[PDB]
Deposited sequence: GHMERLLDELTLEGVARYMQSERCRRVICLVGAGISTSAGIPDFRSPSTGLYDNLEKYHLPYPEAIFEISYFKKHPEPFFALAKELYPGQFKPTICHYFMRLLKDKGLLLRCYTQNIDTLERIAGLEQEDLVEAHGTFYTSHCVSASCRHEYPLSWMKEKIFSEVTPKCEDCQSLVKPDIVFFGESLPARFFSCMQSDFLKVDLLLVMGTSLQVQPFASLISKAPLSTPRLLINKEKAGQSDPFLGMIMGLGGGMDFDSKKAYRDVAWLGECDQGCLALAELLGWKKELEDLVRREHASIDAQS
């Protein structure tokens, strides 16, 4: 009746190595980068919204909003200095996605994260839909210029506490983040339209599937497509209040599996089942060593 022979990680692994599973879409959120030292600035425990008094804001969310930013970019860039990572070292989860790419299984990774770790882990622009944008590149805001600047340039400006201005036209330069008040990139909708005709497996890692329209991606899968959640908490189920949600646990469940724990440990377990654990270990050890050894 169903593509998975059982609703377990082992069933998913068996399906993945069957001839029926050729194209995997990953949907990822902040949970895949916390072990890298990047806080989930949507979890209250990080306390982002609490410390934001030194920036003297009209309301807390204005520092994440596009119009305020264009009028007053200094608070955003001071906060960006405060929150700048000490290192950019992707996680076992990120490299698991790189292994998917290497094995010819990765159709697309849709990410909510702006932290660039997918790119550092070796996913290419074509592999990625950065649904909420990214720090990886920045652009002059003037429509007639749009000069692109890499993260190293932006970092130099942020740490020297100089507001980044375009070298060609002296306009403000903004990281390619989707600020509040901007629309998600057109790439998100056009890729969605094409990719979900083609997907054999949805791997949902490190996201509670609460932010829209990203969360709605799980309902774009074909009805037969298995969907594996690797996350500290079960998520994406139909909300009993607000009227294609995940069904892990009912008598009617047939394709959705929940593996509850840290994303790294779930990806290690899945890799072990697939026979990839040594490959993943070697890839992570050498990439981490190269990052640690940046001189």
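Stretches of the deposited sequence left without coordinates are 1-3, 247-252, in sequence order.
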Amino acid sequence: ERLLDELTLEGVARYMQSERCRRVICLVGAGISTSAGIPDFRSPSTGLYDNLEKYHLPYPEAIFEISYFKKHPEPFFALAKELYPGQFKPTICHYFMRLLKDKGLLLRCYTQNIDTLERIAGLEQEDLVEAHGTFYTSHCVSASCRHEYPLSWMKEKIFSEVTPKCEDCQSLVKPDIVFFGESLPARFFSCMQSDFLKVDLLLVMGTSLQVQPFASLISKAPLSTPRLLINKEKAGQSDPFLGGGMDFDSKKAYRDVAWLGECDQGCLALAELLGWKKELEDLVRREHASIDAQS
From here on, numbers count along this sequence of modelled residues.
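Each form is matched to the other, and the largest set of C-alpha atoms that superpose within 1.5 Å is called the rigid core.
RMS Cα deviation from the shown model in 9 other deposited structures of this protein, rigid core fit, is larger for 156-164 than for the other stretch of the pair 219-227 / 156-164.
Taking the rigid core as the alignment reference, the C-alpha atoms of 136-144 lie farther on average from the displayed form in 9 other deposited structures of this protein than those of the other stretch among 108-116 and 136-144. Compared with other deposited structures of the same protein, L27 does not meet the criterion of being unmodelled in at least one third, since all of those that resolve residues on both sides include it.
Where the other entries of this protein model the residues before and after it, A62 is kept in all of them rather than dropped from a third.
Judged by mean Cα B factor in the deposited record, 67-75 ranks above the other of 67-75 and 203-211.
For the two regions 54-62 and 23-31, the entry's Cα B-factors average higher over 54-62.
Based on the entry's C-alpha B-factors, the most elevated value among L223, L117, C109, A143 belongs to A143. The entry lists a Cα temperature factor for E182 that places it in the highest third of the chain's modelled residues. Annotation for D256: CA B-factor lies in the lowest third of the chain's modelled residues. Compared with the other modelled residues of the chain, the Cα B-factor recorded for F159 ranks in the highest third.
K101: CA B factor in the lowest third of modelled residues in this chain (values from the PDB entry). Residue-level temperature factors show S152 in the highest third of its chain, judged at the C-alpha atom.
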